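Note that these values count all heavy atoms, side chains included, but never hydrogens, waters or copies made by symmetry. Chain letters run A, B, ... following the sequence lines, proteins first and then strands; every chain starts at 1.
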Amino acid sequence: XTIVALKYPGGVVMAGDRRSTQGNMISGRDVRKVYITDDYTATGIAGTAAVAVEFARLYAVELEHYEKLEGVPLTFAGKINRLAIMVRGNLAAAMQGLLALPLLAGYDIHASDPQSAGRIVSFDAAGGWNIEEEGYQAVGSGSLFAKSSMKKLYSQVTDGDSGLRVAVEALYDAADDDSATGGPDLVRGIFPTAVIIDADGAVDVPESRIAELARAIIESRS
Amino acid sequence: XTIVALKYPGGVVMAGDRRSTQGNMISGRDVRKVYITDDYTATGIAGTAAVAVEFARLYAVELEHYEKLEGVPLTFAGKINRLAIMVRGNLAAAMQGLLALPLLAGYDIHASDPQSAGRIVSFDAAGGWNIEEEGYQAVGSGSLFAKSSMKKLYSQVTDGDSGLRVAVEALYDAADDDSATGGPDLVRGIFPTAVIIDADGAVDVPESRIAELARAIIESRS
Amino acid sequence: XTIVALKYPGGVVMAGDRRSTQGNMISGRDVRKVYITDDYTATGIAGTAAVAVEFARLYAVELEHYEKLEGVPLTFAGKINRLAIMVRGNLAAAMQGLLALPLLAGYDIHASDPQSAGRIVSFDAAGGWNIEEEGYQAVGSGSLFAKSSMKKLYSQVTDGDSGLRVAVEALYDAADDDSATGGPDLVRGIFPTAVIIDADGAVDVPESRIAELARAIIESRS
Amino acid sequence: XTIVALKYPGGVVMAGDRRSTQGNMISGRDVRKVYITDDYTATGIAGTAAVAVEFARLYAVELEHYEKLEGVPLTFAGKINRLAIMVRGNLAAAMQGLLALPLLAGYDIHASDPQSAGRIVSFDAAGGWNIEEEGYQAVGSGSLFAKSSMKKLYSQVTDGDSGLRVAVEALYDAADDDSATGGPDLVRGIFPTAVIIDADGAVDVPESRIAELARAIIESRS
Amino acid sequence: XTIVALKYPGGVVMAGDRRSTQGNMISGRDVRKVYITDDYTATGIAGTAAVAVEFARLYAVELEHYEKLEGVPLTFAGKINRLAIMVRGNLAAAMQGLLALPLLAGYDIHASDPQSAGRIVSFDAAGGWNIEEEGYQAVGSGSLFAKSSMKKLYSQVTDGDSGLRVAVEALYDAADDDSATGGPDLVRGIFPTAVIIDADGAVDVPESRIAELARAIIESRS
Amino acid sequence: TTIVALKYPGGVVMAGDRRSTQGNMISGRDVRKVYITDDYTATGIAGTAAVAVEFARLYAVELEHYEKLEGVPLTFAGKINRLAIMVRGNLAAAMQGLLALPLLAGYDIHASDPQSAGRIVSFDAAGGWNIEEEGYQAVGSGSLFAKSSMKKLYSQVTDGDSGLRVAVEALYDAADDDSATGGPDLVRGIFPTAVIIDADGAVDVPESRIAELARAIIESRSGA
Amino acid sequence: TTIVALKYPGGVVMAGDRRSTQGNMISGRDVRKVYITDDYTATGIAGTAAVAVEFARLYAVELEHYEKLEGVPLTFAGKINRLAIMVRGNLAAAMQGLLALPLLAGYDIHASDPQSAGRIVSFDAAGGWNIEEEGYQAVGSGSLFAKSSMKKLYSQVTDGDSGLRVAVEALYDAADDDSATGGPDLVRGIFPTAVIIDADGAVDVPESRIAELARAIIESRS
Amino acid sequence: XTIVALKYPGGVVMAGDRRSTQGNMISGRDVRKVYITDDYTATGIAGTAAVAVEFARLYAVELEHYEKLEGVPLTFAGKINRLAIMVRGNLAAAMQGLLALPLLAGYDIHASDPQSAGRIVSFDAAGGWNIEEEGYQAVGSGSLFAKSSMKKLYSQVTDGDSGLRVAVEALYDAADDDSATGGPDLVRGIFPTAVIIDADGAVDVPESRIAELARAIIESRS
Amino acid sequence: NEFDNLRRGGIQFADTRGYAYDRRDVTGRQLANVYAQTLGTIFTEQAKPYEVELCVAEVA
Amino acid sequence: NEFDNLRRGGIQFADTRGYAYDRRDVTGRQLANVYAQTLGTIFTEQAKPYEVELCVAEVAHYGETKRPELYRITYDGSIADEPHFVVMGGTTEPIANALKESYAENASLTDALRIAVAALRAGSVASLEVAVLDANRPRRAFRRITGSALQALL
């Protein structure tokens with residue numbers, strides 16, 4: 001599985017593949033790994049459909065819990081801390097094999113510069129966080145391939161459209177070199193999911209828009 | 001990786017995928033696993049890119065060696081015994097992790113009935129052989145998926161064309177469910193390899209034909 | 001053992017074998033692994049013959065407990081969550097060898113489209129769930145054979161009768177290729193059990209109507 | 001040690017051997033393994049002289065305990081559940097080597113058909129139960145031999161007397177092929193014990209009647 | 001070490017050796033292993049000296065405690081159950097090397113027949129108890145030898161004097177074949193200890209009477 | 001990972017590299033390991049790079065919590081004792097592989113001589129502390145290279161500027177001999193981070209300054 | 001360590017880094033890992049430390065040895081086979097930690113098409129070889145990064161110059177993401193080594209040309 | 001590292017070296033290991049600094065705490081008991097490798113003879129104490145060398161000046177034969193620390209007096 | 001709020017008893033009894049007695 | 001301090017139930033029930049009863065059709081189901097009567113706000129706290145009507 005995230009001028013985009021494996025066997029082809037967690041954030045977890053939907057569900061509950069109790073949303077630093085705590089609280093279960101590494105994408109509505117208000121935060125085994133200053137990041141079994149792809153393609157990111165294209169291509173490159181990451185299935189019509197976040201909030205990118213970009217990448221390579 | 005073999009009236013067909021993997025990484029895309037070993041036989045080994053050529057190369061030398069020394073080819077029974085000895089001689093190395101399981105397809109030119117002269121022989125870890133009386137067989141990580149696909153499609157096998165199609169489809173179905181087996185790559189133009197053997201000998205099925213049959217299974221499922 | 005479940009237009013059907021094995025030895029021929037858990041759901045458990053009744057009995061108690069307390073049934077999403085919690089609470093005991101993976105079939109009375117209101121949910125070791133979009137699913141030692149059978153036969157499913165047939169055929173195929181799954185015993189008169197769920201509720205399919213389908217599959221393959 | 005149980009028209013019969021071993025050494029020759037637990041049930045445990053009585057004694061107390069507190073006896077299903085709980089509560093101790101597998105025989109006074117009201121229930125390591133539809137069952141080190149004997153002799157069961165004979169013969173066969181099961185000792189006058197349960201309740205079969213049957217099995221095979 | 005116990009008409013007799021060993025070395029010659037625990041019972045313990053010596057003491061306290069609290073002594077069955085619980089409560093410590101196996105001898109004052117009111121009960125590692133109908137029993141490293149001796153000589157037991165003589169001979173035989181059991185030391189004047197229990201209660205057999213018997217057994221074999 | 005600290009006349013300077021690795025692979029290029037923990041202290045943590053921000057955050061809270069409650073800052077020795085207990089309370093988790101060794105730099109307001117008021121304290125696995133009396137110290141996988149560099153360079157430290165420059169050079173030298181320590185990246189514009197503490201308190205040295213320093217070292221050593 | 005090799009029209013180019021490491025410590029900055037082995041070949045070894053100079057030396061002796069004895073060079077396939085035998089003869093030492101995986105670049109003077117006569121062959125642990133049809137390959141700790149860089153840059157290869165440029169950039173990318181691979185040291189004036197092979201033979205690329213390419217790549221990324 | 005202590009007429013002197021090692025690497029040159037714990041005692045710890053640093057501070061707090069609470073200081077025996085208790089408490093942590101063995105030097109103000117009122121107490125792993133009658137003692141990696149030095153030099157101890165000389169010479173001898181013990185460093189001016197205790201209390205010996213002694217020892221051996 | 005508390009506790013009791021023994025083993029007499037013991041305890045020990053009156057009914 | 005305590009406990013309750021079952025398993029009836037039980041226990045167990053009066057309201061889910069539910073929970077734990085309006089605090093009767101008359105079932109937002117403000121006035125601008133449970137929002141129905149929007153509304 002591979003999850004990518006990148007900053008574009010005015011926002012951030014996060015995308016993830018749809019595969020699930022039980023060793024060598026493909027156990028799922030429709031898995032959703034990227035979820036909108038509140039109006040300005042999205043989390044992607046490299047793993048099973050449930051440990052991705054249950055982690056995102058709990059974090060979403062935690063964030064909205066604070067908002068209702070206090071009247072205002074948590075600060076982005078606050079959102080990071082809460083996620084870090086959740087991951088750290090799963091360290092005892094991560095020594096068995098139940099590892100879940102999240103990637104957080106968000107837009108800081110309180111940032112000075114709206115152009116660079118997109119945020120990408122990655123977490124390690126211990127529950128340690130790092131706010132990425134390089135522009136892009138990826139987690140999962142195909143992350144090295146996706147990061148190396150974005151390294152060559154990032155200069156082409158100028159807006160939301162080009163950013164989403166680079167994200168989909170990175171995920172394509174991940175699936176091309178990693179069997180645990182699923183590429184776009186033109187036969188069944190299953191494509192990577194994506195979330196785009198700007199000053200107007202977090203929006204699920206429609207399947208049709210990704211399908212158009214997938215076909216363009218395929219047609220560009222043959 | 002997956003290798004399939006099936007008997008059709010008047011012959012036998014053997015086909016294999018092109019994928020290679022290290023862990024989840026795809027390390028090979030063009031791998032040839034099926035080789036013509038003599039005028040009437042072919043071997044398919046599901047392992048490394050070279051564990052297929054090197055095993056086949058030695059076996060081909062052994063068969064030809066006998067023919068030049070005695071002036072006649074070995075009996076089909078003799079060909080099986082020689083391959084069984086080669087596999088048994090690699091038992092000490094198969095305990096380390098260097099397991100090589102060959103699948104042999106052939107046409108017994110000395111058989112009574114030319115219709116059922118096709119032969120499929122499988123080998124186990126110990127160097128034990130079994131002549132297949134079920135009409136089809138498969139080896140490798142995607143073998144169970146391929147055998148279960150052929151189980152439902154074998155009745156459509158009445159000749160060489162329908163036999164090859166079923167084989168390609170079985171390989172497709174294996175790739176569909178096993179990430180270690182590679183499906184037909186329409187972008188790069190890489191397709192499974194196949195060998196067809198009848199009374200006229202062993203021949204390498206041209207890419208053009210496996211390609212046409214791959215696009216038809218695709219176009220049909222979509 | 002093998003349990004299968006598939007969606008048909010207007011409902012869902014779940015069926016399971018009757019075998020129990022202690023190693024090679026057959027310890028049970030009459031085992032029942034599928035139970036109606038409430039008016040619109042049924043669970044089949046793979047792991048132990050004794051466990052399936054106990055897991056189903058507790059889950060049935062949990063579901064009716066809520067219905068009595070709050071006066072309305074849990075939503076289908078709620079039913080999933082409670083089952084996921086039960087499975088997660090058995091993670092400590094699953095490390096010893098007492099693994100029990102359930103498969104849930106149900107009809108969502110609150111769904112928009114009554115034709116596609118059938119639901120199939122599978123669970124992994126960790127207690128993670130996945131609502132199936134592909135139409136069918138299976139769990140147990142013969143699940144791969146059953147899923148591969150259903151892959152070729154699913155297009156023939158159109159009503160409750162054809163669905164139950166494919167389900168029984170999938171189970172037949174599972175028992176044909178897996179010694180731990182029991183095929184229909186015509187001598188003792190023991191057949192797989194099944195449950196069918198539609199807008200009128202969950203009903204146990206009569207033994208006699210499964211026997212009719214088993215006789216049919218057997219004569220169709222002779 | 002071996003314990004057998006079988007259904008006859010109008011009731012059920014349970015019988016067990018008298019041996020006890022410490023490795024190869026015969027440590028007991030007079031061991032009672034089958035005990036009447038209430039008016040309509042009897043339990044036989046595969047093991048020692050005491051780790052059988054202790055299980056029976058506790059179970060007996062529990063059933064009576066309920067009858068006095070509630071004024072009515074537990075249902076047969078309730079009696080099963082209580083025994084299942086007792087066995088499950090000994091899972092931690094069964095990992096050491098203190099494994100106790102009980103076999104329950106009873107007559108359901110609340111059953112529709114008095115002819116088939118006899119009940120046989122077996123338990124596995126985990127505390128899982130299975131109500132037997134097959135007519136007979138056995139537990140212990142000679143259980144396979146006894147079940148194979150009953151398979152051939154069960155058709156001769158038409159009443160209480162014939163059912164008791166088959167039980168004693170099954171135990172004879174168990175002792176003939178398993179050194180841990182004790183055959184009838186004509187020298188010391190020690191014979192297997194048995195309990196017969198019908199609509200009139202559970203009654204210990206007199207030693208003299210079992211001796212008569214043991215004499216007759218021995219003369220029939222000489 | 002070895003402890004023996006046998007029934008005679010009108011009572012029971014228990015006797016034990018005086019040896020103690022630390023590996024090969026002889027650590028004690030005066031050890032008493034048989035203790036009167038109440039008016040009608042006596043226990044002999046074989047195993048580690050530390051748990052055994054303490055063991056008689058704790059048991060004596062439990063029996064007496066019940067008697068003062070309730071006004072009447074415990075039934076013989078009750079006395080057994082209490083000893084069984086004490087032994088079971090020492091199972092965790094028995095896995096280390098602190099194994100203590102007791103042998104209980106008693107006279108049931110509430111028995112129908114005063115001639116056969118003697119009782120011998122043995123315990124296994126698990127805390128399981130057995131009552132000996134054979135009339136003799138032994139525990140310890142020399143038990144097999146003592147039991148075999150008793151089997152040959154039990155016929156000669158007609159009263160308390162002959163019963164005691166057999167008990168001493170069995171212990172003589174145990175010491176003759178087992179180096180961990182001490183024979184009668186005529187040089188130091190140390191002999192096995194013994195307790196005899198009849199309708200008049202439990203009384204320590206005096207040293208001079210045992211010496212007279214030991215000398216006669218020695219004269220008889222020389 | 002390498003973190004250096006040195007005393008200069010009137011204060012102390014602490015600097016750390018930005019690299020993170022997973023095995024051979026470079027997992028991060030912008031990790032910050034040096035943090036101001038109160039008005040007069042800074043902590044640098046080596047290893048478990050993601051966690052460096054977290055350890056500093058808890059220590060900072062403890063110091064401030066005391067200061068607000070009691071109305072006065074803890075003594076420097078008190079500050080040391082608190083940090084030693086935090087480290088000691090993490091011995092169980094360090095046996096697994098989650099090891100975090102801190103380096104503490106501070107200025108003692110209460111010290112008699114202002115010029116020698118700067119402090120450097122290092123901690124070992126067990127939670128044991130040591131107040132450095134030799135003028136410099138370093139922790140992390142490149143610490144030996146950094147300490148050996150400073151041993152030849154320290155004599156030229158006479159003020160805050162030259163102290164910062166010896167620290168950057170020490171870090172540079174460490175990156176030179178240790179692959180787990182990242183040197184200044186002129187291509188991406190990422191440089192080591194630093195904190196300087198004197199009588200006026202703890203201040204983050206601007207990226208601008210560490211940058212001009214690194215370029216003066218790197219560009220000249222190279223053809224530039 | 002990272003070694004790269006790529007085909008350009010009319011030849012092949014191979015390049016390698018200069019780093020050596022002991023755990024995290026850098027133990028070498030001037031390691032030559034790419035050596036001309038005969039007039040039309042070059043081997044690069046991602047092997048413990050300097051073994052490469054011993055290895056390349058032995059292979060060169062072997063190639064030259066055949067040449068003097070037979071008066072003609074070995075065929076490229078023959079060259080490959082000899083190298084495969086050398087690697088296979090080192091499997092016993094590779095289990096300890098002394099792994100040495102070579103990459104072979106060559107120009108087949110006997111090939112039909114001079115434009116595609118460049119050859120790249122990689123070897124696995126077992127001594128298995130694979131000819132690269134994809135155009136490029138890399139071995140060592142930074143191979144994935146280098147291959148992912150070349151995937152995006154390979155289309156820019158049109159001649160000897162542009163081929164050397166892409167090889168140097170691939171090695172730059174490898175060093176950028178892998179600490180065990182050394183980037184170009186402008187301070188000490190140490191740069192990656194390279195060999196270029198065409199119809200005129202194998203030639204060492206001068207340090208100065210690699211230096212200009214390195215500075216141009218550095219300048220291009222700032 | 002090494003710590004020495006010796007009785008001189010009217011007092012006790014304790015001295016320790018300044019080295020700290022991490023394997024072979026010198027990690028500290030100015031470590032102080034001897035601390036005044038109350039008006040009449042001093043402790044020197046060898047082993048783990050983290051354990052060592054803590055022990056002195058805590059012990060001092062303990063002695064003073066008692067004094068303030070009760071108005072009088074603890075007896076010398078009590079002081080020993082408290083130290084011994086602290087050491088035992090640390091035993092669980094000593095099995096890991098956190099071993100800290102203290103050496104206690106004191107002056108018993110309540111002793112009969114003021115000339116022999118000096119006290120030296122050593123502790124072992126278990127927390128066991130011993131008061132030296134021989135006049136000197138040492139702990140640490142160089143203790144044997146130091147004790148053997150003092151064995152030959154103790155006859156020269158006539159007062160506090162000569163006892164401090166012998167103490168510093170013993171430490172010199174320890175460093176000469178043990179690389180883990182630091183000798184006096186003339187270049188850095190770092191010398192062993194010492195504490196001298198008499199009827200006037202415990203006092204830190206000034207660095208300058210120790211330095212004069214070291215030079216004398218050095219001049220005496222050149 | 002008081003009788004709903006009691007309603008919930010009864011459902012809690014009934015479901016646990018049925019699970020522990022058998023469904024056929026849960027009766028109105030048993031439930032009435034659990035309520036009497038519970039009401040009795042509240043009346044006796046709680047600050048305020050429950051202002052409730054309960055009916056438990058059972059059919060065949 | 002007393003009703004904010006209750007507000008927090010309700011959110012605590014709601015979020016826990018929704019996570020243990022599912023979002024569509026939390027209702028106004030459930031929350032009113034739990035407030036009744038809490039206020040009832042406080043009235044009886046605690047030294048001083050809570051000087052509060054609570055209203056729990058529920059609207060239908062998006063695209064679903066159900067009439068709004070309004071619950072009044074009083075200091076003693078008494079719970080009443082109101083079908084049209086709830087008035088709490090201060091002098092309730094003049095406000096309750098001004099509403100019972102100037103009532104408009106299915107009224108507009110602008111109309112219902114005016115009908116309400118006036119009643120509040122009978123009992124006794126930015127001197128108001130206004131909010132709605134907007135049945136038309138996808139999930140979170142609660143929306144505050146503040147400042148300029150509130151001003152625009154008037």
Atom CG of C/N24: over 12 foreign heavy atoms under 6.0 Å: no
I'd like to know whether CZ of I/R24 has more than 12 heavy-atom contacts from other residues, nucleotides or ligands below 6.0 angstrom. no
I/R23 and C/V61: side chain to side chain contact (heavy atoms under 4.5 Å, CB included), yes or no, with the steps? CA-CA 10 Å; I/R23 309 197 65 93; C/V61 169; 4.3 Å; yes
I need the C/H65 NE2 to I/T16 OG1 distance, nearest 0.5 Å. 7.0 Å
CG-CZ distance between I/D22 and C/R57, expressed to the nearest 0.5 angstrom: 7.0 Å
Inter-chain contacts: residues 68-76 of chain C against chain I, heavy atoms under 4.5 Å: C/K68, C/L69, C/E70
